[PDB]
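start_17.cif (mmCIF, N, CA and C atoms) appears below.
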```cif
data_protein
#
loop_
_atom_site.group_PDB
_atom_site.id
_atom_site.type_symbol
_atom_site.label_atom_id
_atom_site.label_comp_id
_atom_site.auth_asym_id
_atom_site.auth_seq_id
_atom_site.Cartn_x
_atom_site.Cartn_y
_atom_site.Cartn_z
ATOM 1 N N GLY A 1 18.341 -18.856 50.018
ATOM 2 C CA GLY A 1 18.030 -17.427 49.856
ATOM 3 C C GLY A 1 17.965 -17.053 48.386
ATOM 4 N N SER A 2 16.766 -16.735 47.887
ATOM 5 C CA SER A 2 16.516 -16.252 46.517
ATOM 6 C C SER A 2 15.441 -15.148 46.550
ATOM 7 N N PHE A 3 15.391 -14.250 45.554
ATOM 8 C CA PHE A 3 14.593 -13.004 45.629
ATOM 9 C C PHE A 3 13.062 -13.187 45.768
ATOM 10 N N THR A 4 12.430 -14.051 44.947
ATOM 11 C CA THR A 4 10.959 -14.266 44.804
ATOM 12 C C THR A 4 10.147 -13.054 44.281
ATOM 13 N N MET A 5 8.884 -13.264 43.861
ATOM 14 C CA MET A 5 7.991 -12.212 43.318
ATOM 15 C C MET A 5 6.499 -12.301 43.777
ATOM 16 N N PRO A 6 6.187 -12.552 45.067
ATOM 17 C CA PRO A 6 4.823 -12.846 45.545
ATOM 18 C C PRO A 6 3.807 -11.685 45.457
ATOM 19 N N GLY A 7 4.198 -10.503 44.959
ATOM 20 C CA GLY A 7 3.302 -9.354 44.745
ATOM 21 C C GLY A 7 2.582 -9.333 43.383
ATOM 22 N N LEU A 8 2.849 -10.299 42.497
ATOM 23 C CA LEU A 8 2.233 -10.420 41.170
ATOM 24 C C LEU A 8 2.043 -11.908 40.782
ATOM 25 N N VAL A 9 1.913 -12.189 39.478
ATOM 26 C CA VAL A 9 1.825 -13.551 38.909
ATOM 27 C C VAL A 9 2.724 -13.774 37.684
ATOM 28 N N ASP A 10 3.141 -12.675 37.052
ATOM 29 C CA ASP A 10 3.903 -12.628 35.795
ATOM 30 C C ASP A 10 3.338 -13.573 34.700
ATOM 31 N N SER A 11 4.169 -14.193 33.856
ATOM 32 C CA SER A 11 3.736 -15.158 32.834
ATOM 33 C C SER A 11 4.919 -16.019 32.373
ATOM 34 N N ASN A 12 4.675 -17.056 31.567
ATOM 35 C CA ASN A 12 5.753 -17.671 30.789
ATOM 36 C C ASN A 12 5.986 -16.906 29.473
ATOM 37 N N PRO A 13 7.194 -17.012 28.886
ATOM 38 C CA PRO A 13 7.518 -16.342 27.641
ATOM 39 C C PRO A 13 6.697 -16.984 26.511
ATOM 40 N N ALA A 14 6.004 -16.185 25.693
ATOM 41 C CA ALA A 14 4.976 -16.698 24.789
ATOM 42 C C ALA A 14 4.805 -15.830 23.514
ATOM 43 N N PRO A 15 4.348 -16.427 22.389
ATOM 44 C CA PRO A 15 4.098 -15.708 21.136
ATOM 45 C C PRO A 15 2.964 -14.660 21.245
ATOM 46 N N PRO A 16 2.766 -13.793 20.226
ATOM 47 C CA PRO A 16 1.639 -12.854 20.141
ATOM 48 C C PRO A 16 0.314 -13.582 19.806
ATOM 49 N N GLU A 17 -0.118 -14.427 20.753
ATOM 50 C CA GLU A 17 -1.095 -15.519 20.687
ATOM 51 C C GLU A 17 -0.471 -16.849 20.207
ATOM 52 N N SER A 18 -0.988 -17.983 20.699
ATOM 53 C CA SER A 18 -0.727 -19.315 20.137
ATOM 54 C C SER A 18 -1.982 -19.877 19.473
ATOM 55 N N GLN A 19 -1.768 -20.764 18.502
ATOM 56 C CA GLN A 19 -2.812 -21.525 17.828
ATOM 57 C C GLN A 19 -3.796 -22.239 18.781
ATOM 58 N N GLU A 20 -4.992 -21.666 18.964
ATOM 59 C CA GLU A 20 -6.053 -22.215 19.834
ATOM 60 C C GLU A 20 -7.453 -22.201 19.180
ATOM 61 N N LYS A 21 -7.513 -22.301 17.844
ATOM 62 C CA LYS A 21 -8.733 -22.216 17.018
ATOM 63 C C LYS A 21 -8.644 -23.222 15.860
ATOM 64 N N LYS A 22 -9.620 -24.132 15.713
ATOM 65 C CA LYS A 22 -9.702 -25.099 14.588
ATOM 66 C C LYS A 22 -11.143 -25.262 14.034
ATOM 67 N N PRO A 23 -11.861 -24.178 13.665
ATOM 68 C CA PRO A 23 -13.260 -24.258 13.220
ATOM 69 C C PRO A 23 -13.422 -24.921 11.841
ATOM 70 N N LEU A 24 -14.579 -25.547 11.613
ATOM 71 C CA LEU A 24 -14.983 -26.078 10.305
ATOM 72 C C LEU A 24 -15.370 -24.919 9.375
ATOM 73 N N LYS A 25 -14.573 -24.683 8.325
ATOM 74 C CA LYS A 25 -14.841 -23.713 7.241
ATOM 75 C C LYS A 25 -14.605 -24.386 5.872
ATOM 76 N N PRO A 26 -15.461 -25.359 5.494
ATOM 77 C CA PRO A 26 -15.201 -26.272 4.380
ATOM 78 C C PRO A 26 -15.226 -25.542 3.032
ATOM 79 N N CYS A 27 -14.206 -25.784 2.208
ATOM 80 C CA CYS A 27 -14.062 -25.276 0.845
ATOM 81 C C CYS A 27 -12.951 -26.077 0.122
ATOM 82 N N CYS A 28 -12.468 -25.557 -1.016
ATOM 83 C CA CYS A 28 -11.312 -26.068 -1.772
ATOM 84 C C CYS A 28 -10.303 -24.955 -2.153
ATOM 85 N N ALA A 29 -10.323 -23.801 -1.471
ATOM 86 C CA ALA A 29 -9.491 -22.638 -1.821
ATOM 87 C C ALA A 29 -8.003 -22.767 -1.440
ATOM 88 N N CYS A 30 -7.265 -23.643 -2.121
ATOM 89 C CA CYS A 30 -5.827 -23.856 -1.932
ATOM 90 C C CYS A 30 -5.318 -23.825 -0.459
ATOM 91 N N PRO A 31 -5.880 -24.604 0.488
ATOM 92 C CA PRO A 31 -5.329 -24.834 1.838
ATOM 93 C C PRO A 31 -3.829 -25.047 1.825
ATOM 94 N N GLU A 32 -3.290 -26.036 1.108
ATOM 95 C CA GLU A 32 -1.843 -26.291 1.104
ATOM 96 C C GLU A 32 -1.024 -25.028 0.874
ATOM 97 N N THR A 33 -1.411 -24.241 -0.130
ATOM 98 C CA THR A 33 -0.608 -23.109 -0.574
ATOM 99 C C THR A 33 -0.659 -21.962 0.438
ATOM 100 N N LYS A 34 -1.863 -21.480 0.756
ATOM 101 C CA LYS A 34 -2.197 -20.464 1.768
ATOM 102 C C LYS A 34 -1.529 -20.741 3.107
ATOM 103 N N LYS A 35 -1.784 -21.941 3.617
ATOM 104 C CA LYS A 35 -1.380 -22.433 4.939
ATOM 105 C C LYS A 35 0.144 -22.550 5.037
ATOM 106 N N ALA A 36 0.748 -23.087 3.980
ATOM 107 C CA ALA A 36 2.214 -23.104 3.804
ATOM 108 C C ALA A 36 2.850 -21.708 3.627
ATOM 109 N N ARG A 37 2.204 -20.757 2.922
ATOM 110 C CA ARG A 37 2.609 -19.331 2.820
ATOM 111 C C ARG A 37 2.847 -18.799 4.210
ATOM 112 N N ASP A 38 1.762 -18.803 4.975
ATOM 113 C CA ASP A 38 1.606 -18.024 6.188
ATOM 114 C C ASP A 38 2.708 -18.387 7.205
ATOM 115 N N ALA A 39 3.053 -19.678 7.313
ATOM 116 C CA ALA A 39 4.139 -20.183 8.147
ATOM 117 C C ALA A 39 5.493 -19.477 7.933
ATOM 118 N N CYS A 40 5.875 -19.172 6.688
ATOM 119 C CA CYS A 40 7.067 -18.379 6.405
ATOM 120 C C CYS A 40 6.894 -16.924 6.854
ATOM 121 N N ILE A 41 5.738 -16.338 6.532
ATOM 122 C CA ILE A 41 5.383 -14.937 6.841
ATOM 123 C C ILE A 41 5.397 -14.684 8.367
ATOM 124 N N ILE A 42 4.912 -15.655 9.142
ATOM 125 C CA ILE A 42 4.922 -15.728 10.600
ATOM 126 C C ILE A 42 6.322 -15.499 11.193
ATOM 127 N N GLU A 43 7.339 -16.031 10.528
ATOM 128 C CA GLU A 43 8.698 -16.233 11.024
ATOM 129 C C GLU A 43 9.640 -15.130 10.526
ATOM 130 N N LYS A 44 9.523 -14.814 9.234
ATOM 131 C CA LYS A 44 10.336 -13.793 8.559
ATOM 132 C C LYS A 44 9.542 -12.536 8.195
ATOM 133 N N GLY A 45 8.536 -12.682 7.341
ATOM 134 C CA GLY A 45 7.647 -11.611 6.881
ATOM 135 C C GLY A 45 7.330 -11.773 5.400
ATOM 136 N N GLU A 46 6.297 -11.107 4.879
ATOM 137 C CA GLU A 46 5.888 -11.187 3.465
ATOM 138 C C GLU A 46 7.020 -10.718 2.547
ATOM 139 N N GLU A 47 7.817 -9.766 3.025
ATOM 140 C CA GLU A 47 8.993 -9.273 2.307
ATOM 141 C C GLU A 47 10.117 -10.325 2.152
ATOM 142 N N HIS A 48 10.120 -11.396 2.965
ATOM 143 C CA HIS A 48 11.161 -12.430 3.003
ATOM 144 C C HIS A 48 10.612 -13.754 2.450
ATOM 145 N N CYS A 49 9.323 -13.742 2.099
ATOM 146 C CA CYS A 49 8.464 -14.867 1.831
ATOM 147 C C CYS A 49 7.490 -14.573 0.686
ATOM 148 N N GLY A 50 7.866 -13.697 -0.249
ATOM 149 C CA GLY A 50 7.061 -13.462 -1.444
ATOM 150 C C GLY A 50 7.464 -14.299 -2.651
ATOM 151 N N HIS A 51 8.502 -15.138 -2.540
ATOM 152 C CA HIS A 51 8.485 -16.435 -3.240
ATOM 153 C C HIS A 51 7.364 -17.345 -2.713
ATOM 154 N N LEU A 52 7.151 -17.361 -1.388
ATOM 155 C CA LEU A 52 6.006 -18.016 -0.745
ATOM 156 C C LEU A 52 4.685 -17.326 -1.035
ATOM 157 N N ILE A 53 4.675 -16.047 -1.381
ATOM 158 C CA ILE A 53 3.521 -15.457 -2.047
ATOM 159 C C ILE A 53 3.445 -16.026 -3.464
ATOM 160 N N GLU A 54 4.367 -15.753 -4.392
ATOM 161 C CA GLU A 54 4.246 -15.996 -5.848
ATOM 162 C C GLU A 54 3.867 -17.436 -6.188
ATOM 163 N N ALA A 55 4.537 -18.393 -5.541
ATOM 164 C CA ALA A 55 4.255 -19.807 -5.691
ATOM 165 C C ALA A 55 2.775 -20.119 -5.412
ATOM 166 N N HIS A 56 2.289 -19.661 -4.261
ATOM 167 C CA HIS A 56 0.917 -19.833 -3.779
ATOM 168 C C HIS A 56 -0.100 -18.914 -4.467
ATOM 169 N N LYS A 57 0.339 -17.716 -4.864
ATOM 170 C CA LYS A 57 -0.349 -16.654 -5.583
ATOM 171 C C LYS A 57 -0.960 -17.111 -6.893
ATOM 172 N N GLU A 58 -0.201 -17.912 -7.635
ATOM 173 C CA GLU A 58 -0.700 -18.703 -8.760
ATOM 174 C C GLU A 58 -2.004 -19.411 -8.430
ATOM 175 N N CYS A 59 -1.941 -20.152 -7.322
ATOM 176 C CA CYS A 59 -2.914 -21.166 -7.005
ATOM 177 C C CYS A 59 -4.303 -20.531 -6.826
ATOM 178 N N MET A 60 -4.320 -19.390 -6.130
ATOM 179 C CA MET A 60 -5.476 -18.514 -5.951
ATOM 180 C C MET A 60 -5.892 -17.822 -7.264
ATOM 181 N N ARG A 61 -4.967 -17.253 -8.056
ATOM 182 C CA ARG A 61 -5.305 -16.581 -9.331
ATOM 183 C C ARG A 61 -6.114 -17.491 -10.266
ATOM 184 N N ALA A 62 -5.732 -18.767 -10.361
ATOM 185 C CA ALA A 62 -6.454 -19.796 -11.112
ATOM 186 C C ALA A 62 -7.963 -19.845 -10.800
ATOM 187 N N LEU A 63 -8.340 -19.591 -9.541
ATOM 188 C CA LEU A 63 -9.714 -19.601 -9.014
ATOM 189 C C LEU A 63 -10.583 -18.425 -9.491
ATOM 190 N N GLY A 64 -9.949 -17.389 -10.046
ATOM 191 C CA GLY A 64 -10.557 -16.078 -10.267
ATOM 192 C C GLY A 64 -10.376 -15.097 -9.106
ATOM 193 N N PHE A 65 -9.466 -15.418 -8.185
ATOM 194 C CA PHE A 65 -9.025 -14.478 -7.175
ATOM 195 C C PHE A 65 -8.137 -13.404 -7.822
ATOM 196 N N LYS A 66 -7.948 -12.294 -7.115
ATOM 197 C CA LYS A 66 -7.696 -10.980 -7.717
ATOM 198 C C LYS A 66 -6.217 -10.612 -7.628
ATOM 199 N N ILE A 67 -5.489 -11.483 -8.303
ATOM 200 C CA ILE A 67 -4.018 -11.545 -8.370
ATOM 201 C C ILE A 67 -3.592 -10.946 -9.711
#
```

Just give me the structure of the file as structure tokens.
Amino acid sequence: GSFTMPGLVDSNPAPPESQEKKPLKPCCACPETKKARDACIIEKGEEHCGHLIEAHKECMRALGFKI
């Protein structure tokens, strides 16, 4: 004897989307730095990860990006 839920389908517990996109966008615009930034920002936030901005921020400024 257990309750059950046959009036719906519900879901599994899940993020605000999961990684399901890997398109070809070829360049040299600091992948390591950008990609490594975002992982901290994902988890904590830009406010907790702006050492992860500043470190990577360099890398883009060198390019003539607007830092």

Determine which residues of chain A DSSP labels as alpha helix (DSSP H) from the backbone of this structure, then write them out as JSON, numbers by chain. {"A": [31, 32, 33, 34, 35, 36, 37, 38, 39, 40, 41, 42, 43, 51, 52, 53, 54, 55, 56, 57, 58, 59, 60, 61]}

Tell me, in Å to one decimal, how far atom CA of residue 31 of chain A is from atom CA of residue 63 of chain A. 12.8 Å

Could you tell me how far atom CA of residue 30 of chain A sits from atom CA of residue 48 of chain A, in Å to one decimal place?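 Distance reported for this atom pair: 21.1 Å.
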
Padded axis-aligned box of segment 37-47 of chain A (6 Å per side), centre and edge lengths, Å, one decimal, as lines of an AutoDock Vina configuration file:
```
center_x = 6.0
center_y = -15.0
center_z = 6.7
size_x = 20.7
size_y = 23.5
size_z = 21.0
```

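All residues of protein, DNA or RNA that reach within 8 Å of residue 52 of chain A, judged by all atoms listed in the file and not counting those fewer than 2 positions away in the chain, are residues 33, 34, 36, 37, 38, 40, 41, 46, 48, 49, 50, 54, 55, 56 and 57 of chain A.
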
Calculate how many Å separate atom N of residue 47 of chain A from atom C of residue 61 of chain A, rounding to one decimal. 20.7 Å

Complete segment 9-21 of chain A with N, CA, C and O atoms (output as an mmCIF file, keeping the file's coordinate frame).
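out09.cif, freshly written:
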```cif
data_model
loop_
_atom_site.group_PDB
_atom_site.id
_atom_site.type_symbol
_atom_site.label_atom_id
_atom_site.label_comp_id
_atom_site.auth_asym_id
_atom_site.auth_seq_id
_atom_site.Cartn_x
_atom_site.Cartn_y
_atom_site.Cartn_z
ATOM 1 N N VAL A 9 1.913 -12.189 39.478
ATOM 2 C CA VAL A 9 1.825 -13.551 38.909
ATOM 3 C C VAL A 9 2.724 -13.774 37.684
ATOM 4 O O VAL A 9 3.086 -14.908 37.380
ATOM 5 N N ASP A 10 3.141 -12.675 37.052
ATOM 6 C CA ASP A 10 3.903 -12.628 35.795
ATOM 7 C C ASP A 10 3.338 -13.573 34.700
ATOM 8 O O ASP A 10 2.116 -13.700 34.587
ATOM 9 N N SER A 11 4.169 -14.193 33.856
ATOM 10 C CA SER A 11 3.736 -15.158 32.834
ATOM 11 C C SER A 11 4.919 -16.019 32.373
ATOM 12 O O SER A 11 6.071 -15.724 32.700
ATOM 13 N N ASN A 12 4.675 -17.056 31.567
ATOM 14 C CA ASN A 12 5.753 -17.671 30.789
ATOM 15 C C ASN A 12 5.986 -16.906 29.473
ATOM 16 O O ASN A 12 5.074 -16.227 28.989
ATOM 17 N N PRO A 13 7.194 -17.012 28.886
ATOM 18 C CA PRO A 13 7.518 -16.342 27.641
ATOM 19 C C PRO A 13 6.697 -16.984 26.511
ATOM 20 O O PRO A 13 6.660 -18.214 26.407
ATOM 21 N N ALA A 14 6.004 -16.185 25.693
ATOM 22 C CA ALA A 14 4.976 -16.698 24.789
ATOM 23 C C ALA A 14 4.805 -15.830 23.514
ATOM 24 O O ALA A 14 5.055 -14.620 23.576
ATOM 25 N N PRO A 15 4.348 -16.427 22.389
ATOM 26 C CA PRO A 15 4.098 -15.708 21.136
ATOM 27 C C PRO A 15 2.964 -14.660 21.245
ATOM 28 O O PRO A 15 2.263 -14.616 22.260
ATOM 29 N N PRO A 16 2.766 -13.793 20.226
ATOM 30 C CA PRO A 16 1.639 -12.854 20.141
ATOM 31 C C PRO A 16 0.314 -13.582 19.806
ATOM 32 O O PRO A 16 -0.241 -13.410 18.722
ATOM 33 N N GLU A 17 -0.118 -14.427 20.753
ATOM 34 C CA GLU A 17 -1.095 -15.519 20.687
ATOM 35 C C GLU A 17 -0.471 -16.849 20.207
ATOM 36 O O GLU A 17 0.449 -16.856 19.386
ATOM 37 N N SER A 18 -0.988 -17.983 20.699
ATOM 38 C CA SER A 18 -0.727 -19.315 20.137
ATOM 39 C C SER A 18 -1.982 -19.877 19.473
ATOM 40 O O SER A 18 -3.107 -19.582 19.874
ATOM 41 N N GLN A 19 -1.768 -20.764 18.502
ATOM 42 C CA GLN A 19 -2.812 -21.525 17.828
ATOM 43 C C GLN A 19 -3.796 -22.239 18.781
ATOM 44 O O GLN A 19 -3.509 -23.320 19.299
ATOM 45 N N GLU A 20 -4.992 -21.666 18.964
ATOM 46 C CA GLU A 20 -6.053 -22.215 19.834
ATOM 47 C C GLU A 20 -7.453 -22.201 19.180
ATOM 48 O O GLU A 20 -8.471 -22.094 19.865
ATOM 49 N N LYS A 21 -7.513 -22.301 17.844
ATOM 50 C CA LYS A 21 -8.733 -22.216 17.018
ATOM 51 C C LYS A 21 -8.644 -23.222 15.860
ATOM 52 O O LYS A 21 -7.699 -23.134 15.077
#
```
